[PDB]
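*Asks:* Take this structure first; my questions come after.
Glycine also receives a Cβ, built like all others from the backbone with ideal geometry; neighbour counts cover every protein chain displayed. Since every read-out is calculated from the coordinates, none of them should be taken as a lab result.
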C-alpha cells in the first residue's frame, strides 16, 4: 500500500529561504558565503542529521582558488538502503532548493522514513566542466568511502510562482524510472500543474556529476520556462511522499 507522508510546512521552507537571502549573495570567498555555510551546517545539526563538512580548495575557470565547503547531513547512517537529496547553496557572482531540503530535514527529525536519507548541499556550482565544482568534487570522492544511494533528487530553482518542472533531458535518459515516479506522485497528490510530464530542456547541473563520479541515477527538479509558498509546498510534499514510500 501507499503511505501519506507528514506535512511539509511551506512557510517554514520560505523562512529558511529568507534567512539565506538575508546574508546577501553567497558568492564563493565572501563573508556572506562563510556565514551562510555556518548557518546551514548548524541547522542540519539542530535537525538531527550526522553532519559532514567537506572543505576543499577548488580552482575556478579564472584561476580563483574557491575556499569551498560541501555540507552533508545523513539520517539513519546505519542503512545501506538510501535516497540522496541535494541542492547547491552558493550564489552567482541556490536558496530555494536548500530551503526545501532543510524543511525536509526537520520533518525527518520528527518522523524518519524507512530508508536512510542524505541531504547534501553542494558548493561552487555557479562560478562546460567549470560549473558544478563542488558536486564534481563530491561525486569523484564522496563524504564516506563506497557511498551509494538508490537514486538521487536534485532541487534547483524550485520556489518560483507557477513554476513548471519538466522532464529534464539528462535525468530522462539516465533516471527515467525514478523521474517518472516522482512526477507520478506529484499528479496523485494534486500538484500536476507544477510537474509537467513532458520533455523539457537538458541542463548542465549537479545531477550530471552525481550520476558519473558517484554513479547514482539522479533526477533534476528544475524550473523550465518570485518565491511562492504554493510552489514550495508542491515540490516539498512530492519529495516527501516519494521518499516516505521507499522500502
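*Asks:* Name, by its number, the condition in (1) part of a helix (DSSP H, G or I); (2) surrounded by fewer than 24 Cβ atoms within 10 Å (Cβ to Cβ); (3) in contact with a strand residue (DSSP E or B) (Cβ under 7 Å, 6 or more places away or on another chain) that does not hold for residue 127.
*Replies:* Against the list (1) part of a helix (DSSP H, G or I); (2) surrounded by fewer than 24 Cβ atoms within 10 Å (Cβ to Cβ); (3) in contact with a strand residue (DSSP E or B) (Cβ under 7 Å, 6 or more places away or on another chain), residue 127 comes up short only on (1).
*Asks:* If I filter the range 96-112 for residues that are surrounded by 16 or more Cβ atoms within 10 Å (Cβ to Cβ), assigned to a strand (DSSP E or B) and in contact with a strand residue (DSSP E or B) (Cβ under 9 Å, 6 or more places away or on another chain), do I get at least one hit? Give the derivation first.
*Replies:* Narrowing the range 96-112 to residues surrounded by 16 or more Cβ atoms within 10 Å (Cβ to Cβ): 96-108.
From what is left, the residues that are assigned to a strand (DSSP E or B) are none.
Checking the range 96-112: not a single residue is surrounded by 16 or more Cβ atoms within 10 Å (Cβ to Cβ), assigned to a strand (DSSP E or B) and in contact with a strand residue (DSSP E or B) (Cβ under 9 Å, 6 or more places away or on another chain).
*Asks:* Would you mind stating whether residue 62 is under 15 Å from the mean Cα position of the chain (by Cα) and part of a loop (DSSP other than H, G, I, E, B)?
*Replies:* no
*Asks:* While we're looking at this one, here's another question. Just checking, how many residues over the range 44-63 are surrounded by fewer than 22 Cβ atoms within 10 Å (Cβ to Cβ), farther than 18 Å from residue 141 by Cα and in contact with a strand residue (DSSP E or B) (Cβ under 9 Å, 6 or more places away or on another chain)?
*Replies:* The initial filter retains those residues of the range 44-63 that are surrounded by fewer than 22 Cβ atoms within 10 Å (Cβ to Cβ), namely 45-48, 50-63.
Right, trim to farther than 18 Å from residue 141 by Cα and you get 45-48, 50, 60-63.
Of the ones still in play, those that are also in contact with a strand residue (DSSP E or B) (Cβ under 9 Å, 6 or more places away or on another chain) are 45, 47-48, 50, 60.
So the answer is 5.
*Asks:* Among the residues of the range 78-95, write down those that are surrounded by fewer than 24 Cβ atoms within 10 Å (Cβ to Cβ) and assigned to a loop (DSSP other than H, G, I, E, B).
*Replies:* Answer for the range 78-95, where residues must be surrounded by fewer than 24 Cβ atoms within 10 Å (Cβ to Cβ) and assigned to a loop (DSSP other than H, G, I, E, B): 78, 79, 80, 81, 91, 92, 93.
*Asks:* Consider the range 160-174. How many of its residues are surrounded by fewer than 24 Cβ atoms within 10 Å (Cβ to Cβ) and either out of contact with any strand residue (DSSP E or B) (no Cβ under 8 Å at 6 or more places or on another chain) or in a loop (DSSP other than H, G, I, E, B) (or both)?
*Replies:* Looking only at that region, the number is 4.
*Asks:* Still on this structure, I have one more. Looking at 70, 53, can you tell me which residue is over 20 Å from residue 235 (Cα atoms), within 15 Å of the chain's Cα centre (by Cα) and assigned to a strand (DSSP E or B)?
*Replies:* 70
*Asks:* Only residues that are exposed (fewer than 15 other Cβ atoms within 10 Å of the Cβ) and within 18 Å of residue 52 (Cβ to Cβ): list them for the range 130-159, please.
*Replies:* Across the range 130-159, the qualifying residues are 140, 141, 144, 145, 146, 148.
*Asks:* So for the range 223-244 (the condition being in a loop (DSSP other than H, G, I, E, B) and closer than 21 Å to residue 134 by Cβ), does at least one residue qualify?
*Replies:* No, the range 223-244 has no match at all.
*Asks:* Does at least one position in the range 130-149 carry a residue that is touching a strand residue (DSSP E or B) at 6+ places or on another chain (Cβ under 8 Å) and closer than 18 Å to residue 183 by Cβ?
*Replies:* No, that holds for no residue.
*Asks:* Is it the case that some residue within the range 210-218 is closer than 21 Å to residue 142 by Cβ and in a strand (DSSP E or B)?
*Replies:* Within the range 210-218, one or more residues are closer than 21 Å to residue 142 by Cβ and in a strand (DSSP E or B).
*Asks:* Before we move on, is residue 207 part of a helix (DSSP H, G or I) and surrounded by fewer than 19 Cβ atoms within 10 Å (Cβ to Cβ)?
*Replies:* No: the conditions fail for residue 207.
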